[PDB]
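Descriptive structure summary
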Amino acid sequence: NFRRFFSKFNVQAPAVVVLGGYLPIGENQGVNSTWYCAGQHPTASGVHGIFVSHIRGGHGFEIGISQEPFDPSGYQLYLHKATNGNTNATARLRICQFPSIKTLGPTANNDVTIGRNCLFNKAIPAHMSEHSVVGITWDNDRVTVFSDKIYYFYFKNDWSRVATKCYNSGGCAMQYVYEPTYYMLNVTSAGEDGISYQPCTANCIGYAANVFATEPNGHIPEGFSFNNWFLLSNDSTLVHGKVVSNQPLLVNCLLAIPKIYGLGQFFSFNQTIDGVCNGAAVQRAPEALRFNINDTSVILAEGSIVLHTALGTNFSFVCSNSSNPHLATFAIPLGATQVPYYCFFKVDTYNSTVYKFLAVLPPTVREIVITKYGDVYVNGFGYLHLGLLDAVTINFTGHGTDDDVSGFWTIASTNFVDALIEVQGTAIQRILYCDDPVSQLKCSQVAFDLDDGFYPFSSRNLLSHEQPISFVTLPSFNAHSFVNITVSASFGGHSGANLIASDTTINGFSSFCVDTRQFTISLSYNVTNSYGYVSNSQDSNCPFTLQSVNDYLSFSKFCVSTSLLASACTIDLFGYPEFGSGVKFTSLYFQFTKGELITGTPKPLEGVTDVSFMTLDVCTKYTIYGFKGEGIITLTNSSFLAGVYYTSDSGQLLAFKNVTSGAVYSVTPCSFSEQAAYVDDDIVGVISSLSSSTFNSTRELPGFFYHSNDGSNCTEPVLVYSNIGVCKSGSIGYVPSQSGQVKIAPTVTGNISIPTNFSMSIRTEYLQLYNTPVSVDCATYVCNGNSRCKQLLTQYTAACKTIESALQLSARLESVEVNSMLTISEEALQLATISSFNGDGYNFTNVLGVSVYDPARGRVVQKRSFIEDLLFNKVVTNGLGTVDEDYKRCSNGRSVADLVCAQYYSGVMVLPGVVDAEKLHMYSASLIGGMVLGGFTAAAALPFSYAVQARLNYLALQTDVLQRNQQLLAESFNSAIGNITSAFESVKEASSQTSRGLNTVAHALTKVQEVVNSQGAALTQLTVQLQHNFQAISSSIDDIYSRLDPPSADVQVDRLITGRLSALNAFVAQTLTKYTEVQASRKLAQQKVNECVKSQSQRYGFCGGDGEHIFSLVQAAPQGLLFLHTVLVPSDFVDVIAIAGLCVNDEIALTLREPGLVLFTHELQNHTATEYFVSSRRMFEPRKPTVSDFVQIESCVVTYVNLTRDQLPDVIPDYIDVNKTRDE
Ligand SMILES: *[C@@H]1O[C@H](CO)[C@@H](O[C@@H]2O[C@H](CO)[C@@H](O[C@@H]3O[C@H](CO[C@H]4O[C@H](CO)[C@@H](O)[C@H](O)[C@@H]4O)[C@@H](O)[C@H](O[C@H]4O[C@H](CO)[C@@H](O)[C@H](O)[C@@H]4O)[C@@H]3O)[C@H](O)[C@H]2NC(C)=O)[C@H](O)[C@H]1NC(C)=O
Ligand SMILES: *[C@@H]1O[C@H](CO[C@@H]2O[C@@H](C)[C@@H](O)[C@@H](O)[C@@H]2O)[C@@H](O[C@@H]2O[C@H](CO)[C@@H](O[C@@H]3O[C@H](CO)[C@@H](O)[C@H](O)[C@@H]3O)[C@H](O)[C@H]2NC(C)=O)[C@H](O)[C@H]1NC(C)=O
Ligand SMILES: *[C@@H]1O[C@H](CO)[C@@H](O[C@@H]2O[C@H](CO)[C@@H](O[C@@H]3O[C@H](CO)[C@@H](O)[C@H](O)[C@@H]3O)[C@H](O)[C@H]2NC(C)=O)[C@H](O)[C@H]1NC(C)=O
Ligand SMILES: *[C@@H]1O[C@H](CO)[C@@H](O[C@@H]2O[C@H](CO)[C@@H](O[C@@H]3O[C@H](CO)[C@@H](O)[C@H](O)[C@@H]3O)[C@H](O)[C@H]2NC(C)=O)[C@H](O)[C@H]1NC(C)=O
Ligand SMILES: *[C@@H]1O[C@H](CO)[C@@H](O[C@@H]2O[C@H](CO)[C@@H](O[C@@H]3O[C@H](CO)[C@@H](O)[C@H](O)[C@@H]3O)[C@H](O)[C@H]2NC(C)=O)[C@H](O)[C@H]1NC(C)=O
Ligand SMILES: *[C@@H]1O[C@H](CO)[C@@H](O[C@@H]2O[C@H](CO)[C@@H](O[C@@H]3O[C@H](CO)[C@@H](O)[C@H](O)[C@@H]3O)[C@H](O)[C@H]2NC(C)=O)[C@H](O)[C@H]1NC(C)=O
Ligand SMILES: *[C@@H]1O[C@H](CO[C@@H]2O[C@@H](C)[C@@H](O)[C@@H](O)[C@@H]2O)[C@@H](O[C@@H]2O[C@H](CO)[C@@H](O)[C@H](O)[C@H]2NC(C)=O)[C@H](O)[C@H]1NC(C)=O
Ligand SMILES: *[C@@H]1O[C@H](CO)[C@@H](O[C@@H]2O[C@H](CO)[C@@H](O)[C@H](O)[C@H]2NC(C)=O)[C@H](O)[C@H]1NC(C)=O
Ligand SMILES: *[C@@H]1O[C@H](CO)[C@@H](O[C@@H]2O[C@H](CO)[C@@H](O)[C@H](O)[C@H]2NC(C)=O)[C@H](O)[C@H]1NC(C)=O
Ligand SMILES: *[C@@H]1O[C@H](CO)[C@@H](O[C@@H]2O[C@H](CO)[C@@H](O)[C@H](O)[C@H]2NC(C)=O)[C@H](O)[C@H]1NC(C)=O
Ligand SMILES: *[C@@H]1O[C@H](CO)[C@@H](O[C@@H]2O[C@H](CO)[C@@H](O)[C@H](O)[C@H]2NC(C)=O)[C@H](O)[C@H]1NC(C)=O
Ligand SMILES: *[C@@H]1O[C@H](CO)[C@@H](O[C@@H]2O[C@H](CO)[C@@H](O)[C@H](O)[C@H]2NC(C)=O)[C@H](O)[C@H]1NC(C)=O
Ligand SMILES: *[C@@H]1O[C@H](CO[C@@H]2O[C@@H](C)[C@@H](O)[C@@H](O)[C@@H]2O)[C@@H](O)[C@H](O)[C@H]1NC(C)=O
Ligand SMILES: *[C@@H]1O[C@H](CO[C@@H]2O[C@@H](C)[C@@H](O)[C@@H](O)[C@@H]2O)[C@@H](O)[C@H](O)[C@H]1NC(C)=O
Ligand SMILES: *[C@@H]1O[C@H](CO)[C@@H](O)[C@H](O)[C@H]1NC(C)=O
Ligand SMILES: *[C@@H]1O[C@H](CO)[C@@H](O)[C@H](O)[C@H]1NC(C)=O
Ligand SMILES: *[C@@H]1O[C@H](CO)[C@@H](O)[C@H](O)[C@H]1NC(C)=O
Ligand SMILES: *[C@@H]1O[C@H](CO)[C@@H](O)[C@H](O)[C@H]1NC(C)=O
Ligand SMILES: *[C@@H]1O[C@H](CO)[C@@H](O)[C@H](O)[C@H]1NC(C)=O
Ligand SMILES: *[C@@H]1O[C@H](CO)[C@@H](O)[C@H](O)[C@H]1NC(C)=O
């Protein structure tokens, strides 16, 4: 049955869900089964769960669970109900240090006494329905019981050994479970019905929406819900947008755990975490670990989170409703999510125990995340920080037992990575890792999809920085000095025991001070004794001696004095004559202050120079003659003589000269700019200045290198740039000069080729007509509504006023121009629908839009055409133009502002477009109906074939209007229209867009995309400027006025006022450029529609390029018109001999009146019968000549054909020989 058992996992009726854990293994499917249903007592080891499925009224039931080591100290379990009283027969249950019953019995053969120690020795009612299933599972010291509810109990245990006694119940009474299993619930109704449980394989684990299969590279697989995966911040959370941020999303191992189980686990930031990873595990030590949980009740237990620091300090996670652990108890007396819970960290160390306040716990904790460097986030916020973590222990307590295992609560080991994240409604929906060079380029911009084009790129530098340090500078000459000392003493006198005189000097002076870095002392000994010699000895009462100082003694100041000297240590000298007078010389003093300015040296080193050092041809940091930088130093073989360092005219260092050797070394950048040809959502080639890169082929273009994976010629350039083009396959090549359509130069004689076999092609061209008007509330944009800032802005006079006036004047001028342009005729509109139109042979179903009764306020509306549908839906990012938000609700303030209201709060209001797509399509339909309207009334609806025939006759008089002649043009036009429609439908498929370039569909759609993106880009660029702090103390005016005094604050806010005003002016200037450019576009469009659509043009090449223009039809397009100029292209040429004229009887010269008419001889009778035909030079329409087409000239010329009077009527059938007729 099992319906009642699975009904306990309370789940919503219409939800299909996945079950995991030690569940019943069924009866028939898989190995599983093993339903005993007998008193055979199978003793088993290593079992993790047991189940009983059918209670045949009241049959008995005996269970004994014990440790396999049979430990008497450990706790055993024995449950026994050998009674059939149902409700009144409560089962005797004992979780105790209990008799370890080996086989069977209430007491039985065993160890341990009955009641030496018990945790539970009461009786429990064990009555239930026949189909009710009871089960008990033990794992990780946690026990789950299925007695009508998912009861959970933490209990240290090791319960591998089981012994049983069953009683017969339907052949499926009792069974064991060794390993976890999985199930699928097709729940369709509440209660025990509408459950439809089935067993599962591993795939069902992947079915849960909150778990995923980790990629081998660690990337998050696509399509993940990210239902609770918040982005991690310290300060504030973005509500909507895209962010390139460093977040711990590089997942290594994912541990999906069913909600009904708690968890006792140990995690180390230094070792790969254990457990069965769902996807491809990566053996990398975690630096962050993220817990995704449904309900808060898991964490409320004290000690659930224990953080271990490298210092050994422990942080225990505690919660209560109280804010004073030191002044109150935290044993929880309340539950059921009542009252917000203050949650702290208690610090555990045997010096002083303190509590660190985490936060008021939010009502719904969904993900916690702890990470090394000492950081913890709850619901993606930086609540608290600590020192370097090294280990965590997780002690989690199941779930709320009211909606369980509708999936799995999951723990993820993650490493930090720079990723692009798209977030809406403060919830992540998609992510992109910034490791692939293609992904690196994507993250360089801010977008997930990138249009085809050449993008700037940085040359890949060294993976390991390890940059050596370079330093070049010629130093000063190492000046030396000799500090003389000379003592002059004439002693002895009489008998040698007397004195005569004594004196001493340093450098001929009574005092001296050392200046050079290197000094050497030298002492000299005038002692002249009248009796003989004198022994001289040196005393010392200083931390140094005259002999010691020379070695390496260093000072900041050193002065020698023969007399009193400030702060000077004393040194004396003794002179003993031959009989020992024993008198000192003059006392000597050193004033010394320690320092590196000077140093005592035993020998001078004059000539010693140079301390520079550098590394050649290695990307290194350098300090060259005061220029600090980072680059590559390379010995260059130039021969500069003057100068020591060389810089460009812009002040940039280029080369420096080793003065000692004369060599010169150039300094180049470590990395060079490159171009990536991002087409077809891939990097197909790189234009680089380097010799080689990570591509299979490299081609040496005249100006640069091109590295790609396709060395073949690029005959079909998908993306053209400068002098080159790149195909979709990565090939590069020069664009071949396409040969234009040949035009026959008119002439009077010789051969002439007349075009024929005309094929009716169509060429497309898009022309923008208007831009969306934008009003900028300058005052509130700059001052953010601050009155003081407005008063300061008043000092800037009329810049703001001019900005606003220019914007509004441009908007009004554009509006009035486009409004006066659009003229719509209702009679033409009547003929503009499929039912009214009769395009015999011409297939306008793609061009005409259907018109049906609109339930929206009754008024009838005409749906836009299929071509217009394709052009709008697939291009417009919002799908429809009505998506333009209204500011009516923007000031409501009851909801969090979106992007439109975000920019409106800055004073930017985007007025609706001047003309909606509905009116534009109406105008296009009016033009289409007008080109077939043959009169002032609707009854004059000329068939399109007649109109085409008239327009053809306009440029060349048709001589034989064959039905097949018109049918060929009709079918060619239909084929071209179908091809254009297919090209619009999709890119490079079902219509090969290999034929690409100007005047094609692809160019038009690229222009439309650029048009629809430019305005949004400009608006976002304007809005982001508010974030910038323009060299002020902050980007908030109120913050500046708070932290600063009024004097300095005015100076400070004046900095951003100029910055915002300058940024605002830049936006206005670029919009005026856009307005000026589009103005010329609509002037061309107005000229185009008048001279091409409403009437055929004699201006060759004006309407849709070269060729003979027959007509042109307009379709609506985003902020513009798409002209389809239909043009005739010749397919064959008839070669004829032009007749310059006739000279008949050598006396009458007769020529053709019409300059655009040629007289010739063709076909079999060009020379056999010498028959003449006149035809238009534009189209081959041979016709017999007429007397009205000829004029007489006063003189013949040699180029004219000889003729006689009798022969002329053969040439001219309409001629009447008046002399012959009158004389007969
Ligand atoms: C919320 O606010 C907290 C407050 O600190 C921020 O916590 C900091 O997080 C950053 C990482 O985001 C920590 O920086 C890490 O330092 C590690 C050790 O530092 C040494 O190495 C760096 C780099 O050589 C030296 O500059 C530094 O002086 C030390 O010598 C680094 O090894 C880490 O590098 C890792 O990331 C880089 C990418 O940036 C990889 O290339 C590396 O291979 C490596 O995987 C890292 O930079 C910082 O220590 C944390 N603060 C403190 C006080 O410890 C949170 O980041 C912030 N939240 C968000 C979302 O930003
Ligand atoms: C999960 O459950 C839904 C709900 O259907 C219910 O559960 C099933 C297990 C069956 O017991 C159903 O009888 C029960 O109502 C399943 O949706 C059901 O799918 C089946 C086919 O897979 C649908 O049958 C089809 O119905 C159409 C329209 O009547 C017929 O033309 C077909 O020939 C075929 O009979 C059934 O209509 C549909 N239930 C409803 C209410 O529309 C679902 O398949 C199942 N599994 C999953 C993965 O969702
Ligand atoms: C993991 O969390 C669980 C539950 O939060 C912890 O189990 C709990 O441990 C405390 C500490 O002894 C127990 O308190 C004691 O309860 C008994 C009654 O059973 C009482 O007589 C004692 O005076 C004392 O208050 C608590 O009962 C116990 N909870 C359960 C359900 O058994 C466990 O210690 C935590 N483990 C780690 C490693 O943090
Ligand atoms: C755990 O996840 C579940 C969803 O997987 C969420 O709780 C459940 O939310 C639904 C819809 O809000 C509740 O449905 C209805 O709730 C009432 C409450 O009395 C119930 O009586 C109705 O029959 C109906 O099922 C569902 O009860 C609820 N589950 C609970 C409360 O256990 C939520 O994301 C998480 N639940 C908690 C308590 O955090
Ligand atoms: C700039 O040019 C000068 C001039 O060549 C370079 O000086 C050179 O420096 C090296 C390293 O000190 C000298 O090598 C010598 O080796 C012998 C044997 O080990 C040792 O006894 C010397 O004391 C010295 O180290 C080399 O002779 C010397 N060249 C000379 C003196 O002409 C210098 O390295 C260049 N680069 C700079 C300054 O960055
Ligand atoms: C176009 O104009 C040229 C000259 O103005 C016409 O000349 C034709 O040229 C072809 C090619 O040489 C001649 O065919 C062969 O000529 C050679 C040399 O004269 C000779 O062996 C044969 O007579 C042979 O047919 C052709 O005779 C010559 N015809 C005339 C009237 O000059 C040419 O007819 C004009 N039309 C076309 C379609 O080229
Ligand atoms: C057409 O006639 C002109 C006029 O010349 C007269 O008619 C000729 C049929 C012949 O009888 C001439 O003697 C007549 O004077 C021709 O022009 C002459 O062409 C030749 C050919 O080389 C030339 O030598 C003469 O100078 C031309 N006479 C002029 C220019 O007065 C012409 O050749 C005749 N044929 C064609 C096809 O035009
Ligand atoms: C801080 O926590 C660590 C746990 O990581 C404690 O180390 C434990 O000490 C007990 C001593 O009774 C040992 O039985 C455990 O084996 C130790 N744990 C580990 C993982 O080895 C440490 O004593 C705690 N210190 C303080 C001051 O609370
Ligand atoms: C007094 O100072 C002079 C000045 O240098 C010292 O003379 C030097 O003596 C050394 C020792 O041989 C010579 O190598 C130098 O060439 C001498 N230099 C000069 C400029 O003469 C002298 O030694 C010091 N002492 C006395 C007693 O004169
Ligand atoms: C050029 O680069 C490609 C890219 O791997 C190398 O092989 C290509 O492999 C794909 C996939 O098997 C094939 O479809 C292509 O036909 C292969 N060639 C090309 C040019 O893409 C190739 O080994 C590289 N080196 C060369 C062609 O010399
Ligand atoms: C393909 O691209 C190459 C590279 O520019 C072109 O180079 C030609 O190579 C041939 C073979 O030696 C030379 O004879 C030509 O002089 C080269 N021309 C140029 C402009 O470089 C080549 O023309 C292109 N087309 C083909 C079919 O190889
Ligand atoms: C005329 O052009 C229309 C285009 O609207 C063609 O009609 C569509 O043909 C496709 C063929 O795959 C059908 O799937 C559509 O249901 C047709 N109707 C539409 C798109 O409205 C038509 O085949 C062309 N030729 C005619 C009418 O002779
Ligand atoms: C801490 O880790 C050191 C580095 O060894 C490896 O570290 C990470 C990257 C894992 O791959 C881990 O399995 C390796 O051991 C060890 O040298 C050091 O012994 C480790 N310290 C402790 C206490 O385990
Ligand atoms: C925290 O929650 C307590 C709820 O428990 C109830 O009150 C205690 C005193 C016991 O009597 C217990 O049996 C009750 O169910 C509140 O009483 C307590 O005031 C709360 N703490 C604070 C600071 O408000
Ligand atoms: C259980 O036994 C008592 C004693 O005879 C009796 O009164 C009671 O009705 C019984 N309960 C059931 C459910 O049979
Ligand atoms: C207590 O502080 C002293 C400070 O010298 C330190 O040496 C000692 O290890 C600390 N004791 C503990 C248990 O942290
Ligand atoms: C000391 O030596 C100096 C060296 O110049 C000499 O001139 C002088 O006569 C000597 N005797 C005395 C007493 O100075
Ligand atoms: C010095 O000149 C030679 C001339 O053959 C040249 O090959 C060499 O590259 C030059 N040195 C450097 C560093 O370029
Ligand atoms: C094309 O022109 C040739 C001669 O110029 C003619 O014979 C043919 O009928 C025309 N049409 C087609 C379809 O070839
Ligand atoms: C596209 O043009 C070719 C050549 O004119 C024609 O054969 C083909 O039928 C056209 N495609 C469609 C869909 O009409």
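Method of structure determination, per the deposited record: cryo-EM was used for this entry, reaching 3.30 Å resolution.

**Section: the state of the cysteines**
One pass over the structure, following the stated rule, counts 13 disulfides. Each disulfide pairs two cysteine sulfurs, and for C778 the partner residue is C800, the sulfurs being separated by 2.0 Å. With a gap of 22 residues between them, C778 in helix α5 (residues 778-783) and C800 in helix α7 (residues 799-821) connect regions that are remote in the sequence. In this structure, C778 and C800 share a single accessibility class: buried. Linked covalently through their sulfurs, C890 and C901 form a disulfide whose S-S length is 2.0 Å. In this pair, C890 is assigned in the loop between α9 (866-873) and α10 (899-904) and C901 in helix α10, connecting sequence segments 11 residues apart.

**A few points about the site of ligand 4**
Taken together, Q12, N294, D295, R366, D402 and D403 make up the full set of residues adjacent to ligand 4. Surface burial for ligand 4 is 37%, taken as the share of its 720 Å² of free accessible area covered by protein chains. Grouping the amino acids of the shell around ligand 4 by side-chain chemistry returns no nonpolar, two polar and four charged.

**Structural notes on the site of ligand 5**
Around ligand 5, the structure places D610, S612, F613, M614, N658, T660 and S661. A distance of 2.3 Å is found between an oxygen atom of ligand 5 and a side-chain nitrogen or oxygen belonging to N658. Within the side chain of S661, an N or O atom sits 3.3 Å from an oxygen atom of ligand 5. For ligand 5, whose unbound accessible area comes to 720 Å², protein coverage reaches 29%. In terms of residue class, the shell around ligand 5 is built from two nonpolar, four polar and one charged.

**Some points on the nonpolar core**
Core analysis: the largest hydrophobic core is formed by 63 residues, its most contacted members being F6, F9 and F396. Excluding residues within four positions of it along the chain, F6 makes contact with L19, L23, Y183, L185, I195 and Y197. In terms of nonpolar packing, the next biggest core, distinct from the first, is built from 62 residues, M821, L822, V1001 and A1004 among them.

Calculation criteria
- Residues numbered from 1 in each chain as written, not as in the entry; some residues may be left out.
- Chains lettered and ligands numbered in written order.
- Heavy atoms only, no water.
- Disulfide = S-S within 2.5 Å.
- Helix = DSSP H or I, 4+ residues; strand = E, 2+ residues; numbered from the N terminus.
- Buried < 20%, exposed > 50% of the residue type's maximum accessible area, 1.4 Å probe, protein only.
- Near = heavy atom within 4 Å.
- Areas by Shrake-Rupley, 256 points an atom, 1.4 Å probe, with all protein chains shown as cover.
- Nonpolar A, V, L, I, M, F, W, Y, C, P; charged D, E, K, R; others polar.
- Polar contact = N/O pair within 3.5 Å; in protein donor to acceptor, adjacent residues only side chain to side chain.
- Core = buried A, V, L, I, M, F, W, Y, C linked by side-chain atoms within 4.5 Å.
- Contact = heavy atoms within 4.5 Å.

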